[PDB]
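J.:
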Amino acid sequence: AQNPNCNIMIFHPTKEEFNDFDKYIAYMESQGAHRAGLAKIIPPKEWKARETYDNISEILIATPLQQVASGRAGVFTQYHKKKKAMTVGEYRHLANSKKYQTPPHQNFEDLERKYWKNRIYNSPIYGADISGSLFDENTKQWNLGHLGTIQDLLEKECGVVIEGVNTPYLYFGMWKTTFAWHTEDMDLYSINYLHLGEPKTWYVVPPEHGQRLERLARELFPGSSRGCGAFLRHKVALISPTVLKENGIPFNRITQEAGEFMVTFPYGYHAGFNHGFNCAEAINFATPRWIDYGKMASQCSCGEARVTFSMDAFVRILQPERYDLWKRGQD
Ligand SMILES: O=C(O)CNC(=O)C(=O)O
Ligand SMILES: [Mg+2]
Ligand code: NI
Ligand SMILES: [Zn+2]
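Numbered continuously in the authors' numbering, the sequence shown closes out at residue 341.
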């Protein structure tokens, strides 16, 4: 069995190996990369996402989100307070201001320590979930806006055409901006490209151990768990590495830098934080191996999670017994 300890693997495809996305995902899996829940992919040196990042300041962040924490330093929830619109140029200035800028630090480990000690005492502002792309149209390899759609994958595997579209999203971050513990909608894959700026630290639980994380989360967030049997779908809970280690939860950590891709695998729980001003682009995708995970994915039916349009068809076709309850939660 490849990668039996579920370590995060790092890949260096050549330019020839970068031509066929599906084939390279399957190759990574042949080496056991999915067992970690997360892999890093460093593009060939011949490749670029676009020419420059000099022309992005006029992009609008219509609804910046202030991430306000409740709890204790290692075990907290965050809610998102909506703020007034601002451009990427305005947000970058904000991120670099004394109130929000990254503190002095020695190395990624020192910064990690400072994050976990101090995050709850501040409320950073995140430009998350902005529909759009920064890949140039003439980038032909690993262009996140030109991947095969999940609706086409389901159709090719199962035979049924479905409605819906699949497009990328941009994330503009600052120091301490946080992504809570989650798997993807319908336990899909995701791919995430860090276009520019400061790093992004990731934590991940192997898919084969995901239920251990869920059981700890129920223990640590007992009111949230009573409210919803899939409350991690709400994407609000944070648990630190120290608390995970105290509770024997298998996990790994890695830091992504500008110019690097990360792939999350079906049912790989992940969480993390940004080091400073940065911009990432992400999208979900599927392969034939995903179908069996989509049929078994949990769902939030309590009202909170409120998802995209395009999940309807995936629940309807893959999970017909759950569909009527799920849709009641959507309304
Ligand atoms: O960078 C972010 O805010 C979120 N990271 C991820 O959830 C991902 O690409 O799967
Ligand atoms: Mg612009
Ligand atoms: Ni994700
Ligand atoms: Zn719920």
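Heads up, the beta-carbon is just placed ideally off N, CA and C, and yes, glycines get one too.
For residue 278, count the other beta carbons within 10 Å of its own beta carbon; 16 or more makes it buried, fewer makes it exposed. Which is it?
T.: Classification of residue 278: buried, given that the 10 Å Cβ count is 16 or more.
J.: For residue 319, does the count of other Cβ atoms within 10 angstroms reach 16, so buried, or fall short, so exposed?
T.: Exposed, by the Cβ-count rule.
J.: How many angstroms separate the CA atom of residue 290 from the CA atom of residue 124?
T.: Answer to the nearest angstrom: the Cα atoms are 23 Å apart.
J.: Residue 43: buried (16+ other C-beta within 10 angstroms of its C-beta) or exposed?
T.: By the 10 Å Cβ count, residue 43 comes out buried.
J.: Should residue 168 go down as buried or exposed, given a rule of 16 or more other Cβ atoms within 10 Å for buried?
T.: Per the 10 Å Cβ criterion, exposed.
J.: Under 7 Å from any heavy atom of ligand 2, does the C-beta of residue 250 make it?
T.: No.
J.: Quick check on the contact list: which residues have their beta carbon closer than 7 Å to a heavy atom of ligand 2?
T.: Qualifying residues come out as 65, 66, 67, 68, 69 and 98.
J.: Between residue 339 and residue 304, is the Cβ-Cβ spacing less than 8 Å?
T.: No, they are not a contact pair.
J.: Is any non-hydrogen atom of ligand 3 found closer than 7 Å to the C-beta of residue 103, if you look at the structure I gave you?
T.: It does not: the Cβ of residue 103 is nowhere closer than 7 Å to a heavy atom of ligand 3.
J.: With H, G and I counted as helix, E and B as strand and the rest as coil, what does DSSP make of residue 28?
T.: DSSP places residue 28 in coil when its eight states are reduced to three.
J.: Along the beta strand (DSSP E) that carries residue 81, what are the first and last residues, could you check?
T.: 75–82 is the extent of the beta strand (DSSP E) around residue 81.
J.: So what's residue 252 in DSSP terms, helix, strand or just coil?
T.: In this structure, residue 252 counts as helix in the three-state DSSP scheme.
J.: Return the first residue and the last residue of the beta strand (DSSP E) that residue 92 is part of.
T.: Looking at the DSSP string, the run of the beta strand (DSSP E) that includes residue 92 is 85–92.
J.: Please state if the CB of residue 272 and the CB of residue 202 are separated by a distance shorter than 8 Å.
T.: Cβ atoms of residue 202 and residue 272: closer than 8 Å.
J.: Give the DSSP-derived three-state secondary structure of residue 282 in the structure shown.
T.: In this structure, residue 282 counts as strand in the three-state DSSP scheme.
J.: Could you compute how far the alpha carbon of residue 103 sits from the alpha carbon of residue 270?
T.: When rounded, the distance between both Cα atoms is 24 Å.
J.: Residue range of the alpha helix (DSSP H) that residue 328 falls in?
T.: Residue 328 -> alpha helix (DSSP H) spans 321–328.
J.: Taking 7 Å as the cut-off, is the beta-carbon of residue 210 closer than that to any non-hydrogen atom of ligand 1?
T.: Yes - ligand 1 has a heavy atom lying nearer than 7 Å to the Cβ of residue 210.
J.: Less than 8 Å between the beta carbons of residue 214 and residue 18, yes or no?
T.: Cβ atoms of residue 214 and residue 18: closer than 8 Å.
J.: So, residue 185 versus residue 282, is the Cβ gap smaller than 8 Å?
T.: No, the pair does not count as a contact, with Cβ atoms beyond the cut-off.
J.: Closer than 8 Å by C-beta to residue 46: which residues in its own chain qualify, once you throw out the five before and the five after it? Chain order, please.
T.: So the list reads 13, 16, 17, 18, 19, 214, 216, 262, 275 and 278, once near-sequence residues are dropped.
J.: Going by the beta-carbon positions, is the gap between residue 101 and residue 137 smaller than 8 Å?
T.: Cβ atoms of residue 101 and residue 137: closer than 8 Å.
J.: For the region 246–261 against the region 72–90, are there 3 or more C-beta pairs whose distance is under 8 Å?
T.: The region 246–261 vs the region 72–90: in contact.
J.: Quick one, what's near ligand 3 if you take every residue whose CB is closer than 7 Å to any heavy atom, in chain order?
T.: That gives 189, 192, 194, 200, 274, 280 and 292.
J.: Residue 263 bridges to which residues according to DSSP?
T.: Residue 263 is bridged to 213.
J.: List the endpoints of the continuous beta strand (DSSP E) containing residue 64.
T.: Looking at the DSSP string, residue 64 is not in any beta strand (DSSP E), and its letter there is neither H nor E.
J.: Rounded to whole angstroms, how far is the Cβ of residue 23 from the Cβ of residue 51, which I believe are closer than 8 Å?
T.: Indeed, because the Cβ distance is near 7 Å, the residues count as touching under 8 Å.
J.: Quick check on the burial criterion: 16 or more other C-beta atoms within 10 angstroms. Buried or exposed for residue 11?
T.: Exposed.
J.: Take every Cβ of the region 320–332, pair it with every Cβ of the region 156–172, and state whether three or more of those distances are shorter than 8 Å.
T.: At 8 Å Cβ cutoff, the stretches touch.
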